[PDB]
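Colleague: Structure incoming, see below.
Cβ: placed from backbone, ideal geometry, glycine included. Neighbour counts: every protein chain shown. Here, each number is a calculation from the coordinates, and none is a lab measurement.
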Amino acid sequence: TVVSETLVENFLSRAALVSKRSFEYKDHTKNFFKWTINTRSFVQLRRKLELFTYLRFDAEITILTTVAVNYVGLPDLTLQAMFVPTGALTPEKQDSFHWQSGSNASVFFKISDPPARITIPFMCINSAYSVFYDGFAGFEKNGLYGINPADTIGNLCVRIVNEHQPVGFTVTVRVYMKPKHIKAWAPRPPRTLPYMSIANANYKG
Amino acid sequence: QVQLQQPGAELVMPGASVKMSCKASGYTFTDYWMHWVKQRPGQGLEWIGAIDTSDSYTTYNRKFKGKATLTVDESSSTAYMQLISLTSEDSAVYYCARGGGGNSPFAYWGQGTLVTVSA
Amino acid sequence: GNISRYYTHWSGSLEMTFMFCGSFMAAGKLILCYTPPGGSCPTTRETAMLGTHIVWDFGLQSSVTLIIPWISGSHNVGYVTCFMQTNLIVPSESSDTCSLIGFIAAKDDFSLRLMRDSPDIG
Amino acid sequence: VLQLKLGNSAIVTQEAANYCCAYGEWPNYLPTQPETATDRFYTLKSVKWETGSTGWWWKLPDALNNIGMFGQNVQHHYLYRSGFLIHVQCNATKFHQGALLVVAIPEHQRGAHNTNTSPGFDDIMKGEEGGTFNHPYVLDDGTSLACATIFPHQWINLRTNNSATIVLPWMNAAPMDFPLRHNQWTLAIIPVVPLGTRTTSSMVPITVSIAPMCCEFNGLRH
Amino acid sequence: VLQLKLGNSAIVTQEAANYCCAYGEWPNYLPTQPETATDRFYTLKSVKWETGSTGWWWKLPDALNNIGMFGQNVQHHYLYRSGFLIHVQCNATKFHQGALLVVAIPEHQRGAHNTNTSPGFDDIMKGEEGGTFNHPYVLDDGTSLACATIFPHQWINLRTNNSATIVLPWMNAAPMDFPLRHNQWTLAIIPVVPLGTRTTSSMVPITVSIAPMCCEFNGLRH
Amino acid sequence: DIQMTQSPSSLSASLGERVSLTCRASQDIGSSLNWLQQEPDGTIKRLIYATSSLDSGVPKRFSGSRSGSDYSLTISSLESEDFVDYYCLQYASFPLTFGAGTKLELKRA
């Protein structure tokens, strides 16, 4: 018993895991993953950001790679993390050139090293992101409800640089995102009811 | 244990329109949605509308707006369908589904009714 | 409450506001009392009177301003006691049942720290 | 008593002083204007408020889609940015009891009960008719009504004040928006305390007025 | 409307101006003091006032014998001299009719009807519960109520004013007095005009507050 | 209303010869989709919901997959009672719509 830290900048900024995926790799004789890096998946960060309406921040992405065992020993793989911004169409003919195009930003990192850390700037047509968008997607007149085409950051694409390695090890990739330079507007009420789906606001009760 | 029942045919002439009965058994009726599906002899599936059991909130199609009227009763755990001014054009086999919290699915269906109108 | 669940230690003075939503002609008086920590929760009336209290009337004041002196908690202390001073007097045309709505806010000295995870998943 | 005259019309109202400015700002001009063309308060249809009334909601500018002179410029131009002055006056005698919470919800995402299906176009945009709260306790968005006071709001109590005036500036991420697509604000009247009376059932009318003050338009066509 | 704040508490009251000073004086200090310890208004139990209510009387400090903080200092010290501020607020609607006479009788000797036996201890000092007028027309002392206005008094009329505030200074022959023995003043509410209503029987509550303002104490013991 | 395009509208196959039916939507409905079996007697029965998920009591011969731009219904082995009208539905958002449909036929002389 018995204002510095109360600031919004320190409140919304924390390191959390927004994506968890492990691809099975044993014998292929492909391996890759892409995701829209959105805050509606991880449940604790979602409700954390449901408090505010519009948000302005720079996403800081850090990729942590761990290799498990399914004594051989752990070889050192080379991984490539590429960020695909919104507007780049993806006609995937893998084994050939899209990844290696100089337009998209890519980073190379080994297994044993400081985790790869990149800072994504603020990419928007409008002034800030829209967490709550009342309306429909584009002008289709019946277009999708609850999704604003104006705000899409892009897709995070990560693959292994080296060719097939004859091991039965499974590669585990963890992606942490800590926002910086956070600006808040229009605080809203918290949502006590559970999340039925990430696509809209429907509640069960 | 759980099923749906909508027996009968009820052919009728224009000037008045028959109203559907949809009765459910095997689950709590107050906690689940009620849907409707219209099977036209021209192999049309065109969907009618959905009604909440707790509230009177409904959803209607654009072309079916102003025609169909949905109402339910939690006392008898049934569901009703009210049309207006049916003509010789409208004929079909009516269905009523359930749904739920997850998937809001179609899993349970009725037997279906034969609606044939003539002048 | 919802913001404090992201933290642990909380210290500051609170405030409570009561509003009477009944009709205009409703008469009678009430009593508004606060219980200090470990304050021997009032059995009927006079025990609540030994602390800070105010007599609130339906006719004169339509609102309540209550300043609570700097509670504290971290990871039975306080209470609010309300009783019937007199009977509720309403005319024949007005309804017999009235209601109230309580409010709470934070003063300028309310402080927070030590961020944590919200206990409520949903 | 004091009449508020804006444009060629006016409505008898209670004394207007210290009106609520949403988030402490007023709808200034973006750093032609409709101070004449579309100006005057547009009074919607009076809703019948009974003991079992859950509530009503009018999105902006959903109820204004086609209204009077303003209904022309909705589909006429390409973009706009508009402020709103909302005056809700509920007339009742001294023998009626109850409370009405008029709150403006910026960027309101609606929802459904016990289903994952997203509402359609006719369920979101109802036009002038307006909707009715399915579960006003949860606000239909999943949040709680207890903490809903964080928005701009005013209290209508049949004891103190029977009317309320809320001014809403332009709230958007973009400087301008699409008339028939996105709804910036939402107007909601929440009856926290129901009606009560000597008779079993009574009827209390509610009048709602909205003034699109200090706006602009671009993209002339048609 | 105006709240009277004395000490750590307060009670919503009517506008207080030109309050009645008993015999045109105020309870000054005798030429420690309880402006903090025992200060705040002590609200007695609300009495139910009906059509057949004869009246009630509270002697000073009979109703205060054990009340809150003041109940401790009664038997604690040897002597005291205390003033009194009495505020009697009777809440009622505009459809009720009647009149209440709040009068302070200094040095009130009670009596009995048609017997020579003097009342006992329990009949005189009733504590906080208070008594009820046996024959309020004769005041129970043998005098007449018509000429009873010679004392300090205020009129509570459901038309004009529903509350009354009477200030009583220290009235005694001695500079100090005994707590459990002698009663200096007496507080009496006399319903000259009974209640009347559309219904056969109604209930009108009465609230009484007494503030021992500007007093002293001597003879510390226990 | 968002339209569900189901193709082909008809096909002719014999016992076996696994064939998948592909539906395409103009908007993204996410992982929410349902498949329905329509018997000639007028009774509709669900088969596949939410992609890989299947109904309890229905044999394992029914399966589904998603390329991410399309929704496919894969049947491992066909039968004589497997001739019905398949439809793909979107329950993700109101209003709910139905697909075109495919009528399975048997190759004969």
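Colleague: Just checking, does segment C:5-13 include any residue being within 17 Å of the chain's Cα centre (by Cα) and more than 12 Å from chain E (Cβ to nearest Cβ)?
Modeller: Looking for residues that are within 17 Å of the chain's Cα centre (by Cα) and more than 12 Å from chain E (Cβ to nearest Cβ), one finds at least one in segment C:5-13, hence yes.
Colleague: Confirm whether C:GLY39 is within 10 Å of chain E (Cβ to nearest Cβ) and not in a strand (DSSP E or B). Can you show your working first?
Modeller: Values: within 10 Å of chain E (Cβ to nearest Cβ): no; not in a strand (DSSP E or B): yes.
Taking the combined requirement at face value, the residue does not satisfy it.
Colleague: What residue, among those in segment E:1-47 that are of a type in the set (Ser, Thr, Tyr) and in contact with a helix residue (DSSP H, G or I) (Cβ under 9 Å, 6 or more places away or on another chain), is farthest from E:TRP57 (Cα to Cα)?
Modeller: It comes out as E:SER9.
Colleague: Just to be sure, is D:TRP155 aromatic (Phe, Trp, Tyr) and buried (at least 21 other Cβ atoms within 10 Å of the Cβ)?
Modeller: So D:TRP155 does not fit the description; no.
Colleague: I've got another one for you. Please go through (1) facing another protein chain (nearest Cβ under 7 Å); (2) of a type in the set (S, T, N, Q); (3) assigned to a strand (DSSP E or B) for D:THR160 and return the number of the only condition it doesn't satisfy.
Modeller: Unmet condition: (3).
Colleague: For residues in segment E:3-50 being more than 10 Å from chain C (Cβ to nearest Cβ) and among the hydroxyl-bearing types (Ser, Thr, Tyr), which is farthest from E:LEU220 (Cα to Cα)?
Modeller: That would be E:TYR19.
Colleague: In addition: Counting only residues that are over 21 Å from D:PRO136 (Cα atoms) and touching a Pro at 6+ places or on another chain (Cβ under 6 Å), how many does segment D:82-108 have?
Modeller: Qualifying residue count, segment D:82-108: 2.
Colleague: Going through segment C:43-68 one residue at a time, which ones are of a type in the set (A, V, I, L, M), more than 20 Å from E:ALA63 (Cβ to Cβ) and facing chain E (nearest Cβ under 8 Å)?
Modeller: Residues of segment C:43-68 that are of a type in the set (A, V, I, L, M), as a first pass: C:48-50, C:54-55, C:60, C:64, C:66-68.
Filter once more, keeping what is more than 20 Å from E:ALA63 (Cβ to Cβ): C:54, C:60, C:64, C:66-68.
Correct list: C:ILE54, C:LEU60.
Colleague: Could you give every pair whose Cβ atoms fall below 6 Å, whose first residue belongs to segment E:91-114 and is more than 30 Å from C:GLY59 (Cβ to Cβ), and whose second residue is surrounded by 15 or more Cβ atoms within 10 Å (Cβ to Cβ), counting only separations of at least 6 or pairs across chains?
Modeller: Between residues of segment E:91-114 that are more than 30 Å from C:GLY59 (Cβ to Cβ) and residues that are surrounded by 15 or more Cβ atoms within 10 Å (Cβ to Cβ), the close pairs are E:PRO106/E:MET171; E:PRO106/E:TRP185; E:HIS108/E:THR186; E:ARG110/E:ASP140; E:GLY111/E:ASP140.
Colleague: Same structure, new question: Scan segment A:147-205 for residues that are hydrophobic (A, V, I, L, M, F, W, C), part of a loop (DSSP other than H, G, I, E, B) and more than 14 Å from chain C (Cβ to nearest Cβ) and jot them down.
Modeller: Residues satisfying the conditions are A:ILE147, A:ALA150, A:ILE153, A:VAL161, A:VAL167, A:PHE169, A:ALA199.
Colleague: With the condition kept exactly as written, say whether any residue in segment E:124-134 is in a loop (DSSP other than H, G, I, E, B), within 30 Å of E:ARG198 (Cβ to Cβ) and of a type in the set (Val, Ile, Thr).
Modeller: no
Colleague: When you go through (1) farther than 21 Å from A:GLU24 by Cα; (2) touching a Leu at 6+ places or on another chain (Cβ under 6 Å); (3) away from chain D (no Cβ under 14 Å) one by one for A:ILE111, which number turns out not to apply?
Modeller: Evaluating A:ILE111 over (1) farther than 21 Å from A:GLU24 by Cα; (2) touching a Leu at 6+ places or on another chain (Cβ under 6 Å); (3) away from chain D (no Cβ under 14 Å) leaves (1) as the failure.
Colleague: Go through (1) of a type in the set (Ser, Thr, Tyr); (2) surrounded by fewer than 12 Cβ atoms within 10 Å (Cβ to Cβ); (3) over 16 Å from the mean Cα position of the chain (by Cα) one by one and return the number of the condition F:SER52 breaks.
Modeller: Every listed condition holds for F:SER52 apart from (3).
Colleague: What number of residues within segment D:36-79 are part of a helix (DSSP H, G or I) and either buried (at least 21 other Cβ atoms within 10 Å of the Cβ) or hydroxyl-bearing (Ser, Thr, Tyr) (or both)?
Modeller: Residues of segment D:36-79 that are part of a helix (DSSP H, G or I), as a first pass: D:70-76.
Narrowing the set further to residues that are either buried (at least 21 other Cβ atoms within 10 Å of the Cβ) or hydroxyl-bearing (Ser, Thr, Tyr) (or both) leaves D:70.
Going through segment D:36-79 one residue at a time, the tally reaches 1.
Colleague: Now, a different point. Could you check how many residues of segment D:174-214 are among the aromatic types (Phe, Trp, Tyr) and in contact with a strand residue (DSSP E or B) (Cβ under 6 Å, 6 or more places away or on another chain)? Break it down stepwise before answering.
Modeller: Initial filter on segment D:174-214 (among the aromatic types (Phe, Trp, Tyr)): D:178, D:185.
Cutting the leftovers down to in contact with a strand residue (DSSP E or B) (Cβ under 6 Å, 6 or more places away or on another chain) gives us D:185.
Counting residues in segment D:174-214 that are among the aromatic types (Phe, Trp, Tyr) and in contact with a strand residue (DSSP E or B) (Cβ under 6 Å, 6 or more places away or on another chain) gives 1.
Colleague: Search segment A:120-146 for residues being crowded, with 19+ Cβ neighbours inside 10 Å, more than 7 Å from chain D (Cβ to nearest Cβ) and within 18 Å of the chain's Cα centre (by Cα), and hand back the single one that is farthest from D:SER118 (Cα to Cα).
Modeller: Out of the qualifying residues, it is A:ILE120.
Colleague: I'm checking my understanding of the structure. Among residues of segment B:42-52 that are buried (at least 22 other Cβ atoms within 10 Å of the Cβ) and more than 22 Å from F:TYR86 (Cα to Cα), which one is nearest to the other protein chains (Cβ to nearest Cβ)?
Modeller: So, considering only residues that are buried (at least 22 other Cβ atoms within 10 Å of the Cβ) and more than 22 Å from F:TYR86 (Cα to Cα), the one nearest to the other protein chains (Cβ to nearest Cβ) is B:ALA50.
Colleague: I need the strands (runs of 3 or more DSSP E) fully contained in segment A:49-116, keeping only those with at least 1 residues that are among the acidic types (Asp, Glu).
Modeller: A:52-58, A:60-67
Colleague: Now for a different question. Residue by residue through segment C:73-116, note down the ones that are closer than 30 Å to A:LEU49 by Cα, surrounded by 12 or more Cβ atoms within 10 Å (Cβ to Cβ) and over 21 Å from the mean Cα position of the chain (by Cα).
Modeller: C:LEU112, C:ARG113, C:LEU114, C:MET115 - these are the residues of segment C:73-116 that are closer than 30 Å to A:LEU49 by Cα, surrounded by 12 or more Cβ atoms within 10 Å (Cβ to Cβ) and over 21 Å from the mean Cα position of the chain (by Cα).
Colleague: Which one is farthest from the other protein chains (Cβ to nearest Cβ), of the residues in segment A:30-61 that are surrounded by fewer than 17 Cβ atoms within 10 Å (Cβ to Cβ) and of a type in the set (S, T, N, Q)?
Modeller: Applying the filter and picking the extreme gives A:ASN31.
Colleague: Let me ask another. Scan segment D:99-114 for residues that are within 14 Å of chain A (Cβ to nearest Cβ), more than 27 Å from D:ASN218 (Cα to Cα), within 17 Å of the chain's Cα centre (by Cα) and not in a loop (DSSP other than H, G, I, E, B) and report the count.
Modeller: Counting residues in segment D:99-114 that are within 14 Å of chain A (Cβ to nearest Cβ), more than 27 Å from D:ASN218 (Cα to Cα), within 17 Å of the chain's Cα centre (by Cα) and not in a loop (DSSP other than H, G, I, E, B) gives 2.
Colleague: How many residues are at the interface with another protein chain (Cβ under 7 Å from one of its Cβ atoms) and part of a strand (DSSP E or B) if we restrict to segment C:88-110? I'd like the intermediate steps shown before the answer.
Modeller: First pass over segment C:88-110, keeping only residues at the interface with another protein chain (Cβ under 7 Å from one of its Cβ atoms): C:89, C:91-95, C:97-99, C:101.
Adding the requirement that they be part of a strand (DSSP E or B) leaves C:89, C:101.
Counting residues in segment C:88-110 that are at the interface with another protein chain (Cβ under 7 Å from one of its Cβ atoms) and part of a strand (DSSP E or B) gives 2.
Colleague: Let me ask you something else. Considering only residues that are polar (S, T, N, Q) and within 13 Å of chain D (Cβ to nearest Cβ), look in segment B:62-119 and name the one that is farthest from D:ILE124 (Cα to Cα).
Modeller: Across segment B:62-119, the extreme among qualifying residues is B:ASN103.
Colleague: Related question: Give me the pairs, please: first residue somewhere in segment D:163-187 and among the charged types (D, E, K, R), second residue anywhere and assigned to a loop (DSSP other than H, G, I, E, B), beta-carbon distance under 7 Å, and either six or more positions apart or on two chains.
Modeller: D:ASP177/D:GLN184; D:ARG181/A:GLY135; D:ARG181/A:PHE139
Colleague: Checking the condition over 21 Å from D:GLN89 (Cα atoms), more than 14 Å from chain C (Cβ to nearest Cβ) and either within 15 Å of the chain's Cα centre (by Cα) or surrounded by fewer than 18 Cβ atoms within 10 Å (Cβ to Cβ) (or both), which residue from D:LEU187, D:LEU220, D:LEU168, D:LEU139 passes?
Modeller: Values: D:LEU187 fails: over 21 Å from D:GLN89 (Cα atoms); D:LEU168 fails: over 21 Å from D:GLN89 (Cα atoms); D:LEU139 fails: either within 15 Å of the chain's Cα centre (by Cα) or surrounded by fewer than 18 Cβ atoms within 10 Å (Cβ to Cβ) (or both).
The conditions single out D:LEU220.
Colleague: Determine which member of the set E:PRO194, E:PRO175, E:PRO179, E:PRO205 is within 16 Å of E:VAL88 (Cβ to Cβ) and out of contact with any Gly (no Cβ under 6 Å at 6 or more places or on another chain). Please lay out each step first, then the result.
Modeller: Details: E:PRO194 fails: within 16 Å of E:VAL88 (Cβ to Cβ); E:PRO175 fails: within 16 Å of E:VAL88 (Cβ to Cβ); E:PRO179 fails: within 16 Å of E:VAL88 (Cβ to Cβ).
It is E:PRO205.
Matching residues to (1) more than 28 Å from E:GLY7 (Cα to Cα); (2) under 11 Å from the mean Cα position of the chain (by Cα):
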residue: E:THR36; (1), (2): no, no
residue: E:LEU44; (1), (2): no, yes
residue: E:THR54; (1), (2): yes, no
residue: E:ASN66; (1), (2): no, no
residue: E:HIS76; (1), (2): no, no
residue: E:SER82; (1), (2): no, no
residue: E:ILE86; (1), (2): no, yes
residue: E:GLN97; (1), (2): yes, no
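Colleague: More than 8 Å from every other protein chain (Cβ to nearest Cβ), more than 16 Å from the chain's Cα centre (by Cα) and among the acidic types (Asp, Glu) - does that describe any residue in segment A:88-97?
Modeller: Within segment A:88-97, one or more residues are more than 8 Å from every other protein chain (Cβ to nearest Cβ), more than 16 Å from the chain's Cα centre (by Cα) and among the acidic types (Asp, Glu).
Colleague: Next up: In segment E:191-212, how many are away from chain C (no Cβ under 14 Å) and crowded, with 21+ Cβ neighbours inside 10 Å?
Modeller: 2
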